[PDB]
2 protein chains.
Amino acid sequence: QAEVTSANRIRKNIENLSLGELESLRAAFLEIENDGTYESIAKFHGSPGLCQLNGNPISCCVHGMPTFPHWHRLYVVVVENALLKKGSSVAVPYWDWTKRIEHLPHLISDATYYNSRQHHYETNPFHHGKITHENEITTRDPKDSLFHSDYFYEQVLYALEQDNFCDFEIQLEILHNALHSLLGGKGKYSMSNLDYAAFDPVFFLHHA
Amino acid sequence: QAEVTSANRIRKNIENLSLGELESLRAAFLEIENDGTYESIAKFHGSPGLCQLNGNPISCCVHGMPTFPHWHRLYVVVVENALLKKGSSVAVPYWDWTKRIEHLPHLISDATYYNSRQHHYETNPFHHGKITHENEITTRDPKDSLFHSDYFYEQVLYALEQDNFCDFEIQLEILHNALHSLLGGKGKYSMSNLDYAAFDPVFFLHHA
Ligand code: CUO
Ligand code: CUO
């Protein structure tokens, strides 16, 4: 089905990104962080709960629902579009979690980006973000740096096996959560939390 | 010569430190950072130049002089004493650079310390410090994470060979500088700089 392939933008694995590609990304995200969209965009996922603008709030993301992949799919494009506005040359990269990784990706990991072209020292926007409403810094605590296994693959693979979409989604969603808990770990403000997770930039890569 | 061994405090390799020992250290440093001593103590090494309180300033540390090991030796105890005031149970640990290290020490490396006993999320004071006078954050850029070699050993070993103290010092000082450049790298505010280096907490461990 032709519908899956895109003409316009390409999303590549994070490792694949060239220095130039990454450089656009570093900048775009930093600018997005500066711009209004980044904080507000984060809100969509969870806190602050936007779903009911007025009245009791609820987290917006559909989870535990078959709608779930669609929602997140839309979410990623939202950020992607923001990045493009930012001037990102390429689509949000995806961190292939299934593939066993010797180490965490350099792009996310780097605390600071030298960006030699313009002498400047700045934190890597990819590395983290802050949570404006709840004044804090997002944190990550991979308890298990250990992940090197078929386990991700088995879970995903099993999901792949199902013909039924709904059967597929339930399995698919579960594997999806593994990255969140694994990266976030204990940290209250992290990937591990429903509300907080949107803040971390890894979120975008993982969802991609 | 009995003069070398101490009765009172013990300095151990960083790896050796027990979780309890490290915990005291994490706290003590954090408190020292909070206290007045930490920033001021840093000043002794370099900027701001304290040597001439009034008049043209010069960096205080003796370098390129035979006095050099003595000066730094005094410097470490100064911080150590501060730590004890802080309530540190043990002396400043030493990061045996000569030994080839698979990875950088966990104590220094950790960005944040969970410190489960008291639920709190804080940066690791060991990880870094800020430079108050020149508003900035210290940075580290090990260009070469590569260091796994006899090279450190050869240099130090050669130094060991000399009977003459002065002959010894020149060789000794040079090997000493390797850690500074290697950790600091390109970063303007880092171990690599004479003025800035004091700020990084690694400085203490290395000098130890
Ligand atoms: O699910 Cu809402 O975050 Cu991956
Ligand atoms: O020398 Cu003054 O710093 Cu190691």
# chains A, B, ... in the order shown; residues from 1 in each chain; ligands from 1
call {"tool": "calpha_fit_and_write", "arguments": {"fixed": "chain B", "moving": "chain A", "output": "PDB file with C-alpha atoms, in the first residue's frame"}}
result
ATOM      1  CA  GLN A   1      59.484   7.136  55.980  1.00  0.00           C
ATOM      2  CA  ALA A   2      56.734   7.162  58.574  1.00  0.00           C
ATOM      3  CA  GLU A   3      55.995  10.799  57.746  1.00  0.00           C
ATOM      4  CA  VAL A   4      53.976   9.711  54.636  1.00  0.00           C
ATOM      5  CA  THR A   5      51.349   7.501  56.403  1.00  0.00           C
ATOM      6  CA  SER A   6      48.515   9.170  58.190  1.00  0.00           C
ATOM      7  CA  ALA A   7      46.763   8.197  61.337  1.00  0.00           C
ATOM      8  CA  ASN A   8      43.690  10.483  61.055  1.00  0.00           C
ATOM      9  CA  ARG A   9      41.989  10.360  57.705  1.00  0.00           C
ATOM     10  CA  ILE A  10      42.013   7.943  54.820  1.00  0.00           C
ATOM     11  CA  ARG A  11      41.949   8.801  51.155  1.00  0.00           C
ATOM     12  CA  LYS A  12      40.760   5.977  48.995  1.00  0.00           C
ATOM     13  CA  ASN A  13      40.244   5.387  45.345  1.00  0.00           C
ATOM     14  CA  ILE A  14      36.914   6.650  44.148  1.00  0.00           C
ATOM     15  CA  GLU A  15      35.853   3.225  42.988  1.00  0.00           C
ATOM     16  CA  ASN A  16      36.549   1.878  46.452  1.00  0.00           C
ATOM     17  CA  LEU A  17      34.102   4.227  48.123  1.00  0.00           C
ATOM     18  CA  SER A  18      31.092   2.535  49.562  1.00  0.00           C
ATOM     19  CA  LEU A  19      27.705   3.915  48.904  1.00  0.00           C
ATOM     20  CA  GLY A  20      27.720   5.310  52.392  1.00  0.00           C
ATOM     21  CA  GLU A  21      31.085   6.922  51.916  1.00  0.00           C
ATOM     22  CA  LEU A  22      30.010   8.450  48.650  1.00  0.00           C
ATOM     23  CA  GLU A  23      26.783   9.623  50.158  1.00  0.00           C
ATOM     24  CA  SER A  24      28.628  11.664  52.716  1.00  0.00           C
ATOM     25  CA  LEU A  25      30.731  13.072  49.947  1.00  0.00           C
ATOM     26  CA  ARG A  26      27.807  13.948  47.769  1.00  0.00           C
ATOM     27  CA  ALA A  27      26.172  15.837  50.560  1.00  0.00           C
ATOM     28  CA  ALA A  28      29.278  17.490  51.852  1.00  0.00           C
ATOM     29  CA  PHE A  29      30.214  18.859  48.490  1.00  0.00           C
ATOM     30  CA  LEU A  30      26.721  20.035  47.866  1.00  0.00           C
ATOM     31  CA  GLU A  31      26.752  21.851  51.147  1.00  0.00           C
ATOM     32  CA  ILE A  32      30.189  23.228  50.507  1.00  0.00           C
ATOM     33  CA  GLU A  33      28.969  24.503  47.214  1.00  0.00           C
ATOM     34  CA  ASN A  34      26.215  26.205  49.136  1.00  0.00           C
ATOM     35  CA  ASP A  35      28.656  27.508  51.667  1.00  0.00           C
ATOM     36  CA  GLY A  36      30.935  30.440  51.036  1.00  0.00           C
ATOM     37  CA  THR A  37      34.069  28.348  51.098  1.00  0.00           C
ATOM     38  CA  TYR A  38      33.548  26.502  47.869  1.00  0.00           C
ATOM     39  CA  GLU A  39      33.540  29.462  45.551  1.00  0.00           C
ATOM     40  CA  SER A  40      36.268  31.248  47.431  1.00  0.00           C
ATOM     41  CA  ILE A  41      38.382  28.144  47.695  1.00  0.00           C
ATOM     42  CA  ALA A  42      38.281  27.797  43.933  1.00  0.00           C
ATOM     43  CA  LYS A  43      39.653  31.314  43.624  1.00  0.00           C
ATOM     44  CA  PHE A  44      42.910  30.254  45.179  1.00  0.00           C
ATOM     45  CA  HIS A  45      43.872  28.194  42.162  1.00  0.00           C
ATOM     46  CA  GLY A  46      43.254  30.827  39.551  1.00  0.00           C
ATOM     47  CA  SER A  47      40.734  33.462  38.669  1.00  0.00           C
ATOM     48  CA  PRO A  48      39.871  35.473  40.162  1.00  0.00           C
ATOM     49  CA  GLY A  49      43.540  36.166  40.823  1.00  0.00           C
ATOM     50  CA  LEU A  50      43.899  36.458  44.596  1.00  0.00           C
ATOM     51  CA  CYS A  51      47.695  36.539  44.682  1.00  0.00           C
ATOM     52  CA  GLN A  52      47.908  40.241  44.725  1.00  0.00           C
ATOM     53  CA  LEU A  53      44.800  41.236  46.521  1.00  0.00           C
ATOM     54  CA  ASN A  54      45.519  44.721  45.360  1.00  0.00           C
ATOM     55  CA  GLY A  55      47.624  45.631  42.379  1.00  0.00           C
ATOM     56  CA  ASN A  56      47.932  43.606  39.239  1.00  0.00           C
ATOM     57  CA  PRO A  57      46.655  40.188  39.897  1.00  0.00           C
ATOM     58  CA  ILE A  58      48.428  36.969  39.017  1.00  0.00           C
ATOM     59  CA  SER A  59      47.244  33.395  39.250  1.00  0.00           C
ATOM     60  CA  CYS A  60      48.108  32.013  42.654  1.00  0.00           C
ATOM     61  CA  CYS A  61      49.001  28.456  41.831  1.00  0.00           C
ATOM     62  CA  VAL A  62      52.656  27.821  41.497  1.00  0.00           C
ATOM     63  CA  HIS A  63      53.179  26.112  38.203  1.00  0.00           C
ATOM     64  CA  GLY A  64      56.393  25.496  36.400  1.00  0.00           C
ATOM     65  CA  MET A  65      58.019  25.630  39.789  1.00  0.00           C
ATOM     66  CA  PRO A  66      59.369  23.034  42.093  1.00  0.00           C
ATOM     67  CA  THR A  67      57.080  24.547  44.714  1.00  0.00           C
ATOM     68  CA  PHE A  68      54.266  23.297  42.511  1.00  0.00           C
ATOM     69  CA  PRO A  69      53.566  19.967  44.136  1.00  0.00           C
ATOM     70  CA  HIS A  70      53.620  21.535  47.563  1.00  0.00           C
ATOM     71  CA  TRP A  71      51.171  24.199  46.568  1.00  0.00           C
ATOM     72  CA  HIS A  72      48.695  21.754  45.157  1.00  0.00           C
ATOM     73  CA  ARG A  73      49.234  19.422  48.035  1.00  0.00           C
ATOM     74  CA  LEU A  74      48.154  22.200  50.339  1.00  0.00           C
ATOM     75  CA  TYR A  75      45.283  22.951  48.040  1.00  0.00           C
ATOM     76  CA  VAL A  76      43.817  19.486  48.304  1.00  0.00           C
ATOM     77  CA  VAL A  77      43.930  19.506  52.055  1.00  0.00           C
ATOM     78  CA  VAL A  78      42.195  22.831  52.024  1.00  0.00           C
ATOM     79  CA  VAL A  79      39.269  21.348  50.195  1.00  0.00           C
ATOM     80  CA  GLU A  80      39.452  18.231  52.291  1.00  0.00           C
ATOM     81  CA  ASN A  81      39.220  20.244  55.448  1.00  0.00           C
ATOM     82  CA  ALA A  82      36.276  22.062  53.963  1.00  0.00           C
ATOM     83  CA  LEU A  83      34.609  18.757  53.230  1.00  0.00           C
ATOM     84  CA  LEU A  84      35.138  17.627  56.780  1.00  0.00           C
ATOM     85  CA  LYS A  85      33.565  20.811  57.957  1.00  0.00           C
ATOM     86  CA  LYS A  86      30.855  19.783  55.553  1.00  0.00           C
ATOM     87  CA  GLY A  87      30.661  16.573  57.479  1.00  0.00           C
ATOM     88  CA  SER A  88      32.514  14.416  55.041  1.00  0.00           C
ATOM     89  CA  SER A  89      33.375  11.148  56.710  1.00  0.00           C
ATOM     90  CA  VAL A  90      36.328  10.438  54.471  1.00  0.00           C
ATOM     91  CA  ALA A  91      39.167  12.271  52.728  1.00  0.00           C
ATOM     92  CA  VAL A  92      38.937  13.310  49.122  1.00  0.00           C
ATOM     93  CA  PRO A  93      39.146  10.306  46.961  1.00  0.00           C
ATOM     94  CA  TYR A  94      41.632  10.001  44.174  1.00  0.00           C
ATOM     95  CA  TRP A  95      40.808   9.095  40.620  1.00  0.00           C
ATOM     96  CA  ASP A  96      43.671   6.860  39.651  1.00  0.00           C
ATOM     97  CA  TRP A  97      44.142   8.117  36.123  1.00  0.00           C
ATOM     98  CA  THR A  98      47.181   5.956  35.529  1.00  0.00           C
ATOM     99  CA  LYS A  99      45.059   2.878  35.780  1.00  0.00           C
ATOM    100  CA  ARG A 100      43.321   2.486  32.466  1.00  0.00           C
ATOM    101  CA  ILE A 101      39.675   3.121  32.940  1.00  0.00           C
ATOM    102  CA  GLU A 102      36.948   1.401  31.063  1.00  0.00           C
ATOM    103  CA  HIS A 103      34.628   4.277  31.765  1.00  0.00           C
ATOM    104  CA  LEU A 104      34.532   7.471  33.702  1.00  0.00           C
ATOM    105  CA  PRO A 105      33.854   7.104  37.327  1.00  0.00           C
ATOM    106  CA  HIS A 106      30.219   6.858  38.276  1.00  0.00           C
ATOM    107  CA  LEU A 107      30.641   9.267  41.132  1.00  0.00           C
ATOM    108  CA  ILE A 108      31.735  12.124  38.924  1.00  0.00           C
ATOM    109  CA  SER A 109      29.677  11.105  35.916  1.00  0.00           C
ATOM    110  CA  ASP A 110      26.238  10.992  37.482  1.00  0.00           C
ATOM    111  CA  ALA A 111      24.325  14.094  36.553  1.00  0.00           C
ATOM    112  CA  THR A 112      21.822  13.555  39.316  1.00  0.00           C
ATOM    113  CA  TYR A 113      21.912  11.744  42.602  1.00  0.00           C
ATOM    114  CA  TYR A 114      18.775   9.968  43.686  1.00  0.00           C
ATOM    115  CA  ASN A 115      19.725   9.773  47.351  1.00  0.00           C
ATOM    116  CA  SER A 116      16.839   7.476  48.183  1.00  0.00           C
ATOM    117  CA  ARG A 117      17.068   8.006  51.913  1.00  0.00           C
ATOM    118  CA  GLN A 118      15.741  11.487  51.595  1.00  0.00           C
ATOM    119  CA  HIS A 119      13.578  11.672  48.569  1.00  0.00           C
ATOM    120  CA  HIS A 120      15.160  14.447  46.618  1.00  0.00           C
ATOM    121  CA  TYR A 121      16.381  14.997  43.132  1.00  0.00           C
ATOM    122  CA  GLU A 122      19.493  17.041  42.866  1.00  0.00           C
ATOM    123  CA  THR A 123      22.367  17.370  40.510  1.00  0.00           C
ATOM    124  CA  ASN A 124      25.505  15.634  41.559  1.00  0.00           C
ATOM    125  CA  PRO A 125      27.688  18.209  43.079  1.00  0.00           C
ATOM    126  CA  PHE A 126      30.562  16.040  41.995  1.00  0.00           C
ATOM    127  CA  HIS A 127      29.362  16.302  38.447  1.00  0.00           C
ATOM    128  CA  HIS A 128      30.012  19.987  38.148  1.00  0.00           C
ATOM    129  CA  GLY A 129      29.869  23.443  39.630  1.00  0.00           C
ATOM    130  CA  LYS A 130      29.203  26.886  38.331  1.00  0.00           C
ATOM    131  CA  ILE A 131      31.507  29.773  38.020  1.00  0.00           C
ATOM    132  CA  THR A 132      29.945  32.552  39.978  1.00  0.00           C
ATOM    133  CA  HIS A 133      32.186  35.417  39.045  1.00  0.00           C
ATOM    134  CA  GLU A 134      32.169  34.680  35.416  1.00  0.00           C
ATOM    135  CA  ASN A 135      28.604  33.651  35.059  1.00  0.00           C
ATOM    136  CA  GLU A 136      28.868  30.264  33.381  1.00  0.00           C
ATOM    137  CA  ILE A 137      28.678  26.561  34.027  1.00  0.00           C
ATOM    138  CA  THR A 138      31.859  24.524  34.055  1.00  0.00           C
ATOM    139  CA  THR A 139      31.966  22.094  31.195  1.00  0.00           C
ATOM    140  CA  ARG A 140      33.902  19.020  30.300  1.00  0.00           C
ATOM    141  CA  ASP A 141      34.686  17.699  26.884  1.00  0.00           C
ATOM    142  CA  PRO A 142      36.838  14.680  26.951  1.00  0.00           C
ATOM    143  CA  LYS A 143      37.918  14.601  23.366  1.00  0.00           C
ATOM    144  CA  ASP A 144      39.743  11.454  24.153  1.00  0.00           C
ATOM    145  CA  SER A 145      37.643   9.043  26.118  1.00  0.00           C
ATOM    146  CA  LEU A 146      40.271   6.789  24.617  1.00  0.00           C
ATOM    147  CA  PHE A 147      42.796   6.930  27.449  1.00  0.00           C
ATOM    148  CA  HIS A 148      43.658   3.324  28.106  1.00  0.00           C
ATOM    149  CA  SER A 149      47.339   3.078  27.996  1.00  0.00           C
ATOM    150  CA  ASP A 150      50.743   2.716  29.525  1.00  0.00           C
ATOM    151  CA  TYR A 151      51.271   6.289  28.448  1.00  0.00           C
ATOM    152  CA  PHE A 152      50.171   7.748  31.741  1.00  0.00           C
ATOM    153  CA  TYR A 153      52.154   5.070  33.482  1.00  0.00           C
ATOM    154  CA  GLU A 154      55.276   5.646  31.436  1.00  0.00           C
ATOM    155  CA  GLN A 155      55.224   9.322  32.095  1.00  0.00           C
ATOM    156  CA  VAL A 156      54.634   8.888  35.781  1.00  0.00           C
ATOM    157  CA  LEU A 157      56.994   5.977  35.955  1.00  0.00           C
ATOM    158  CA  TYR A 158      59.715   7.983  34.356  1.00  0.00           C
ATOM    159  CA  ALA A 159      59.100  10.647  36.940  1.00  0.00           C
ATOM    160  CA  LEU A 160      59.320   8.024  39.648  1.00  0.00           C
ATOM    161  CA  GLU A 161      62.713   7.009  38.366  1.00  0.00           C
ATOM    162  CA  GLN A 162      64.361  10.313  39.127  1.00  0.00           C
ATOM    163  CA  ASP A 163      66.117  10.539  42.438  1.00  0.00           C
ATOM    164  CA  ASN A 164      66.346  14.296  42.253  1.00  0.00           C
ATOM    165  CA  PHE A 165      63.231  16.010  43.470  1.00  0.00           C
ATOM    166  CA  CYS A 166      63.472  18.800  40.973  1.00  0.00           C
ATOM    167  CA  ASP A 167      64.111  16.414  38.146  1.00  0.00           C
ATOM    168  CA  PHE A 168      61.139  14.489  39.439  1.00  0.00           C
ATOM    169  CA  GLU A 169      58.882  17.497  39.643  1.00  0.00           C
ATOM    170  CA  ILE A 170      59.293  18.575  36.076  1.00  0.00           C
ATOM    171  CA  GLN A 171      58.301  15.175  34.806  1.00  0.00           C
ATOM    172  CA  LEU A 172      55.625  14.840  37.446  1.00  0.00           C
ATOM    173  CA  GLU A 173      54.033  18.151  36.653  1.00  0.00           C
ATOM    174  CA  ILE A 174      53.791  17.353  32.977  1.00  0.00           C
ATOM    175  CA  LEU A 175      51.926  14.132  33.478  1.00  0.00           C
ATOM    176  CA  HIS A 176      49.726  16.076  35.830  1.00  0.00           C
ATOM    177  CA  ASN A 177      48.630  18.418  33.085  1.00  0.00           C
ATOM    178  CA  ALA A 178      47.489  15.592  30.845  1.00  0.00           C
ATOM    179  CA  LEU A 179      44.347  15.009  32.845  1.00  0.00           C
ATOM    180  CA  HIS A 180      43.491  18.660  32.694  1.00  0.00           C
ATOM    181  CA  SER A 181      43.674  18.974  28.951  1.00  0.00           C
ATOM    182  CA  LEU A 182      42.139  15.609  28.320  1.00  0.00           C
ATOM    183  CA  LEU A 183      39.072  16.198  30.452  1.00  0.00           C
ATOM    184  CA  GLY A 184      38.635  19.870  29.652  1.00  0.00           C
ATOM    185  CA  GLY A 185      39.218  19.511  25.966  1.00  0.00           C
ATOM    186  CA  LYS A 186      38.038  22.425  23.859  1.00  0.00           C
ATOM    187  CA  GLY A 187      35.757  23.824  26.541  1.00  0.00           C
ATOM    188  CA  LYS A 188      36.837  27.311  27.460  1.00  0.00           C
ATOM    189  CA  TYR A 189      35.515  26.952  30.949  1.00  0.00           C
ATOM    190  CA  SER A 190      36.907  23.660  32.071  1.00  0.00           C
ATOM    191  CA  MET A 191      39.765  21.607  33.436  1.00  0.00           C
ATOM    192  CA  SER A 192      41.638  22.612  30.321  1.00  0.00           C
ATOM    193  CA  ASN A 193      41.856  26.197  31.468  1.00  0.00           C
ATOM    194  CA  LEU A 194      44.155  27.434  34.177  1.00  0.00           C
ATOM    195  CA  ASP A 195      41.649  29.866  35.563  1.00  0.00           C
ATOM    196  CA  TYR A 196      38.528  27.737  35.219  1.00  0.00           C
ATOM    197  CA  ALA A 197      39.914  24.318  36.098  1.00  0.00           C
ATOM    198  CA  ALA A 198      39.646  24.821  39.836  1.00  0.00           C
ATOM    199  CA  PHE A 199      35.894  25.072  39.499  1.00  0.00           C
ATOM    200  CA  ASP A 200      35.401  21.533  38.273  1.00  0.00           C
ATOM    201  CA  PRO A 201      35.105  19.103  41.099  1.00  0.00           C
ATOM    202  CA  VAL A 202      37.168  16.556  39.191  1.00  0.00           C
ATOM    203  CA  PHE A 203      40.059  18.821  39.965  1.00  0.00           C
ATOM    204  CA  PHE A 204      40.012  17.722  43.564  1.00  0.00           C
ATOM    205  CA  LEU A 205      39.873  14.061  42.692  1.00  0.00           C
ATOM    206  CA  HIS A 206      42.635  14.357  40.153  1.00  0.00           C
ATOM    207  CA  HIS A 207      44.902  16.280  42.443  1.00  0.00           C
ATOM    208  CA  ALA A 208      44.262  13.765  45.136  1.00  0.00           C
TER     209      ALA A 208
END
call {"tool": "select_by_dssp", "arguments": {"residues": "stretch 5-191 of chain B", "states": "helix (DSSP H, G or I)", "output": "number ranges by chain"}}
result
B: 19-34, 36-45, 68-86, 106-109, 150-161, 165-184
call {"tool": "select_by_dssp", "arguments": {"residues": "stretch 35-193 of chain A", "states": "strand (DSSP E)", "output": "ChimeraX atom specification"}}
result
/A:112-113,122-123,130-131,136-137
call {"tool": "write_last_selection", "arguments": {"atoms": "C-alpha atoms", "output": "short mmCIF file (atom, residue, chain, number, x, y, z; two decimals), in the first residue's frame"}}
result
data_model
loop_
_atom_site.label_atom_id
_atom_site.label_comp_id
_atom_site.auth_asym_id
_atom_site.auth_seq_id
_atom_site.Cartn_x
_atom_site.Cartn_y
_atom_site.Cartn_z
CA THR A 112 26.14 20.26 25.37
CA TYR A 113 26.54 20.90 21.69
CA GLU A 122 24.65 25.51 24.72
CA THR A 123 22.93 22.55 26.21
CA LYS A 130 12.22 21.96 31.41
CA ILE A 131 8.73 21.81 32.65
CA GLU A 136 11.32 21.48 37.33
CA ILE A 137 13.79 19.95 34.93
#
